[PDB]
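*Asks:* Sharing a structure here in C-alpha cells format.
No lab work stands behind these numbers, since they all come straight from the coordinates. With ideal geometry, Cβ positions are generated from the backbone for all residues, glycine too; neighbour counts draw on all protein chains shown.
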C-alpha cells in the first residue's frame, strides 16, 4: 500500500488502545475503522476519547 497509510496512522493508532475503559468491541472497532477509512483517523481518535469520557467513572 502507498506510504500515505503509514504516514497518516502514525499520528493516531496506539493512542486508541491507550484508553483502558473502552469495551472490547469498541477498541477493535476503531482500529478496524482505521483501515476502512484513514482519512477519519482524526475523528476516530476523538471518537475513542468520547467513549472513554462517557464510560469513565464520575
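*Asks:* So for the pair residue 58, residue 25, with labels modelled 7 Å out along Cα→Cβ, what separation do we get in nm?
*Replies:* So the two model labels end up 3.0 nm from each other.
*Asks:* Same structure again: Return, for the Cα atoms of the chain, the radius of gyration and Dmax in Å, separated by a comma.
*Replies:* 11.7, 43
*Asks:* Between helix 41-55 and the chain, what is the angle of the helix's C-alpha long axis to the longest principal axis, kept within 0 to 90° and rounded to the nearest 10?
*Replies:* With rounding to tens, the tilt is 10 degrees.
*Asks:* Give me the angle, in degrees from 0 to 90, between the Cα long axis of helix 24-36 and the longest principal axis of the Cα atoms of the chain, rounded to the nearest 10.
*Replies:* 20
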